[PDB]
Amino acid sequence: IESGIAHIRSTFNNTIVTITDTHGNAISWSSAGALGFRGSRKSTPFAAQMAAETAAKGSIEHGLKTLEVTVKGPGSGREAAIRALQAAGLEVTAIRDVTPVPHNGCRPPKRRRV
Amino acid sequence: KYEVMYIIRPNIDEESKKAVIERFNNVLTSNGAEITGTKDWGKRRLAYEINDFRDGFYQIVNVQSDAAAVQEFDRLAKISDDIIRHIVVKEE
Amino acid sequence: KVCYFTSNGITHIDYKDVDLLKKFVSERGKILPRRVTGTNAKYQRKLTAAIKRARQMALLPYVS
Amino acid sequence: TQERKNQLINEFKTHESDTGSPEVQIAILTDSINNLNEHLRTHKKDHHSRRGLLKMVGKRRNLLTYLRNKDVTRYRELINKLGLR
Amino acid sequence: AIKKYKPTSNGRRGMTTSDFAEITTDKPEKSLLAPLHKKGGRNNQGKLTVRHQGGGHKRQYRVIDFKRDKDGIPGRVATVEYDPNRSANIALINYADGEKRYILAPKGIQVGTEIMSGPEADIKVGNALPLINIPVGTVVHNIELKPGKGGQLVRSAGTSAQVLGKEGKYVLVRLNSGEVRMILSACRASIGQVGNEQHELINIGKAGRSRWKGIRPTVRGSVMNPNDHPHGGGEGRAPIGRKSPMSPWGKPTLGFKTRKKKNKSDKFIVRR
RNA sequence: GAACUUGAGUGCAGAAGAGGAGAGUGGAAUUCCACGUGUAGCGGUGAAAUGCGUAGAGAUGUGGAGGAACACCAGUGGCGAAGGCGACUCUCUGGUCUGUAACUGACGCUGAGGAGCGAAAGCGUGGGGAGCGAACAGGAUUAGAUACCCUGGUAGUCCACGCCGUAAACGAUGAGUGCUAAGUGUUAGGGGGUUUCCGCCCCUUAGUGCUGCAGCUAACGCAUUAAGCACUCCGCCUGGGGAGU
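Structure representation (structure tokens):
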């Protein structure tokens with residue numbers, strides 16, 4: 018196939034990249050923990066870069082070329098992973114900054130130092 | 003006084019759509035709720051889907067009533083399946 | 014800035030005016046605050062009431 | 004609104020210009036207390052409207068004591084008209 | 002609502018009844034009555050096949066349409082009366098013709114209201130539509146499983162169901178105890194709650210007020226002998242000495258599901 | 001006893017408000033459920049581990065169930081006596097402010113006792129349960145760790161009615177009224193000086209911020225929204241503990 022959408026979800030622990038197909042069918046997936054980083058290095062943007070590199074290699078192994086990349090989750094490695102999708106042979110056209118915004122919804126778990 | 007704006011679902015033929023508007027106007031005439039003005043926006047593309055639909059027909063019915071058959075309109079439009087929306091706004 | 018509704022003298026905003034509400038609403042769908050559009054307090058109140066009613070009839074979006 | 008107050012004015016006028024004149028005013032208070040109290044019989048969990056009704060009862064009671072100390076026969080005829088007993 | 006008694010004696014300490022304010026008349030009609038022979042739990046064979054029953058006040062049966070046969074002919078509630086045969090009250094309705102019929106009493110129905118029952122009737126508390134015509138999410142009772150048979154499913158006091166959507170020849174209904182069942186869409190059901198709704202909040206009080214309803218006492222199996230029950234025996238308040246607390250026959254009771262494994266209508270049960 | 005209209009209130013005219021109560025509806029998101037994609041992790045941390053996961057998870061796409069809060073507006077903004085009140089819509093309903101002049105003509109203020117409201121937790125009955133979460137369990141940390149952290153999770157949070165009647169219930173500032181420099185934002189009004197306007201300026205209310213003179217105060221500070229200068233009324237204090245026993 019040629020077109021898919023790259024769902025990156027980079028949160029304070031993990032930066033999970035799944036390259037899926039446009040009506041949502043995952044071609045290949047690789048995370049920051051799949052690359053081997055087990056510790057807090059999962060949060061570092063080097064692991065997000067590496068995870069995007071491996072997902073990009075698997076996506077070119079199945080053959081898709083023009084992505085449409087959706088950044089989700091509050092973390093740190095979003096920019097390096099978008100940059101690493103570019104430098105690994107793919108095109109990043111649109112950038113969907115879609116973190117899940119509740120309007121008011123459920124109440125969060127308690128603040129931490131209390 | 004009320005502005006009664008509702009969305010008829012699109013997959014409906016034109017004489018049947020006239021029968022829908024005649025139905026809910028017959029419901030409003032159960033009061034004496036005079037119909038002081040009508041307007042059809044027509045097929046508008048909804049900003050988000052309602053039941054399954056991207057689009058729907060709009061009907062604006064201006065009413066001068068005694069606030070009862072408006073509530074009969076509310077219950078009959080929450081039940082009739084050939085309607086996507088309704089609001090009744092107190093025109094003040 | 015300058016208020017819209019004081020300039021054009023227009024009163025109750027009439028939810029049917031979807032293009033005017035679409036001017037005040039931001040790109041994603043949010044209501045722009047008063048320090049961006051420059052309106053009054055009162056006119057921002059009638060604007061937000063208008064936008065919420067027009068959202069519930071899908072004349073305006075929620076999320077984009 | 005606007006048949007109740009206007010009929011109570013025209014019923015309890017002692018002069019033509021009377022919209023004050025505590026008999027007009029007590030009668031408006033009685034029928035407004037009665038509409039409010041039927042609302043409270045529907046909605047028992049409304050308390051802010053009860054606070055307003057207690058203020059109305061205080062207004063009307065003080066106007067009644069003013070009529071009692073001002074004009075005895077007018078006070079008794081108002082009581083017998085409104086049934087406020 | 003509920004009449005609470007004063008503790009004038011030890012028999013009426015916690016006792017509550019209902020105040021019976023929904024009821025208008027205490028006369029039922031002779032044209033609709035039928036006799037009830039009490040059975041005492043006994044059988045064709047004469048053996049006690051149901052325990053703990055028999056011997057209450059004498060009752061006389063009131064015939065009730067659970068079918069809603071009469072379509073398109075408007076009804077009118079004449080009375081709302083007491084039924085001893087069931088938990089709810091019953092509404093005696095007059096049609097225009099003169100077929101006086103008992104139906105169940107929904108919660109909030111009053112004397113003098115229109116009750117249509119056809120396929121094309123109005124949706125209102127008291128009316129009875131097939132499940133094709135009923136919209137999704139309306140409170141529904143007197144559901145039936147076979148069309149034309151008569152109301153089966155939600156039928157006792159203060160009970161309610163709801164149409165959870167449609168697919169086809171069937172209708173998703175959330176019956177009481179939360180069970181989602183496919184019900185054949187040509188089955189008529191009435192619309193609403195059922196109308197005691199405080200029957201559950203009745204403290205019976207005496208030992209004898211339950212016996213007025215035809216309830217014999219229940220002996221626990223732990224007090225019995227070992228020939229009578231598997232809990233019987235033990236030399237002075239023995240516990241359930243077996244694993245799996247058992248019935249007076251050979252079946253465990255707590256948790257043990259007794260539905261047939263090849264029940265033919267598990268295909269029509271969505272959630273349970 | 002007679003008169004008056006300023007105080008008080010009715011009348012008329014607008015204005016604004018998350019003021020209340022009942023019903024209905026919405027869109028995110030969260031959880032759970034079913035199915036496709038697909039493979040080895042996910043989650044979480046200061047570091048990890050418990051949990052979840054090849055019986056196919058987390059990610060992702062669609063559908064459904066259900067509950068609760070209502071992003072942006074949103075603001076020393078508004079309303080309410082206080083508690084408090086934020087989606088939307090209707091039903092009923094309370095109060096306020098502004099302009100007077102039509103009326104009343106002192107009808108006013110305060111108020112022990114009484115009657116009511118009264119956050120949250122708690123209690124009773126019946127529902128409800130998505131998230132959270134006392135208790136409780138496991139994992140960490142630690143000398144110990146009945147804690148903080150992590151993973152789970154009961155009552156409760158939610159609703160109907162009834163009870164409790166308590167808060168750092170705060171402005172740590174009782175209510176009413178009058179007087180006593182200014183500057184300055186702002187909320188809802190009114191009127192004027194040119195302009196039909198946009199709008200600028202001036203003027204006046206009632207509410208709401210800040211800085212500030214006199215005055216007060218032990219000082220911090222308050223200062224026309226007083227903690228000034230007065231009058232009325234109520235509540236309360238007379239060292240700390242014991243003891244709100």
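Order-wise, the sequence lines are chains k, f, r, o and C. Using the entry's author numbering, the letters of the first sequence map in sequence onto residues 18 to 131. Using the entry's author numbering, the letters of the second sequence map in sequence onto residues 3 to 94. Using the entry's author numbering, the letters of the third sequence map in sequence onto residues 14 to 77. Using the entry's author numbering, the letters of the fourth sequence map in sequence onto residues 4 to 88. Using the entry's author numbering, the letters of the fifth sequence map in sequence onto residues 2 to 273. For every residue, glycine included, the Cβ atom is placed at its ideal position computed from N, Cα and C.
Compare the C-alpha of residue i against each of the options and name the closest.
| i | options | result |
| --- | --- | --- |
| C/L146 | C/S186, C/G209 and C/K262 | C/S186 |
| k/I22 | k/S45, k/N30 and k/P119 | k/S45 |
| f/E74 | f/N27, f/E16 and f/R11 | f/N27 |
| f/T40 | f/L30, f/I62 and f/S67 | f/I62 |
| k/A111 | k/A43, k/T83, k/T32 and k/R58 | k/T83 |
| k/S93 | k/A104, k/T28, k/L107 and k/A68 | k/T28 |
| k/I33 | k/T61, k/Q103 and k/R130 | k/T61 |
| k/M67 | k/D114, k/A98, k/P125 and k/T37 | k/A98 |
| C/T26 | C/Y62, C/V78 and C/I3 | C/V78 |
| C/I144 | C/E201, C/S245 and C/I184 | C/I184 |
| C/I110 | C/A122, C/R102, C/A92 and C/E100 | C/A92 |
Thinking C-beta only, is residue j closer than 8 Å to residue i?
| i | j | result |
| --- | --- | --- |
| C/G196 | C/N128 | no |
| r/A71 | f/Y50 | yes |
| C/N177 | C/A162 | yes |
| f/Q66 | f/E36 | yes |
| f/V91 | r/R66 | yes |
| o/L66 | o/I12 | no |
| C/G222 | C/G233 | yes |
| C/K108 | C/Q194 | yes |
| o/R77 | o/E26 | yes |
| f/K20 | f/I10 | no |
| C/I104 | C/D66 | yes |
| o/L56 | o/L39 | yes |
| C/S118 | C/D84 | no |
| C/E201 | C/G159 | yes |
Which residue comes first and which comes last in the beta strand (DSSP E) that contains residue i?
| i | result |
| --- | --- |
| C/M225 | It is not in any beta strand (DSSP E) - C/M225 carries neither H nor E in the DSSP assignment. |
| k/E85 | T83 to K89 |
| f/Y60 | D57 to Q66 |
| k/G75 | That residue, k/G75, is in no beta strand (DSSP E); its alpha helix (DSSP H) goes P62 to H79. |
| k/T32 | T32 to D38 |
| C/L255 | Neither: C/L255 is in no beta strand (DSSP E) and is coded neither H nor E. |
How long is the line joining the alpha carbons of residue i and residue j, rounded to whole angstroms?
| i | j | result |
| --- | --- | --- |
| k/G75 | f/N53 | 38 Å |
| C/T50 | C/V220 | 16 Å |
| f/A79 | f/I86 | 9 Å |
| C/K5 | C/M16 | 7 Å |
| C/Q199 | f/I23 | 43 Å |
| C/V126 | o/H50 | 32 Å |
| C/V172 | C/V271 | 11 Å |
| r/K59 | r/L45 | 13 Å |
| C/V181 | C/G166 | 11 Å |
| C/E115 | r/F37 | 51 Å |
Note the first and the last residue of the continuous alpha helix (DSSP H) segment covering residue i.
| i | result |
| --- | --- |
| C/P107 | From DSSP, C/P107 is part of no alpha helix (DSSP H); its letter is neither H nor E. |
| f/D15 | Careful: f/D15 lies outside any alpha helix (DSSP H) and carries neither H nor E. |
| o/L85 | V75 to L85 |
| o/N9 | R7 to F15 |
| C/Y171 | Note, C/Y171: premise wrong, no alpha helix (DSSP H); beta strand (DSSP E) at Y171 to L176. |
| r/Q69 | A54 to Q69 |
| C/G209 | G209 to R212 |
| k/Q103 | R95 to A104 |
| C/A97 | Where C/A97 is concerned, there is no enclosing alpha helix (DSSP H), given that its DSSP letter is neither H nor E. |
| request: Scan the region 41-55 of chain f for residues whose Cβ lies nearer than 7 Å to a Cβ of chain r and list them as they occur along the chain. | output: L48, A49, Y50 and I52
| task | Taking a Cβ distance cut-off of 7 Å, strictly less, list which residues of the region 13-39 of chain f are near chain r, in chain order. | result | none
| message | For the region 94-128 of chain C, list every residue whose C-beta sits within 8 Å of some C-beta in chain f, in sequence order. | response | Within the region 94-128 of chain C, the residues whose Cβ lies closer than 8 Å to some Cβ of chain f are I124, listed in chain order.
| For the region 135-154 of chain C, which residues have a CB atom closer than 7 Å to at least one CB atom of chain f, in sequence order? | Correct list: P136.
| field | Near-chain C residues of the region 79-90 of chain f - C-beta to any C-beta below 9 Å | value | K80, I81, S82 and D83
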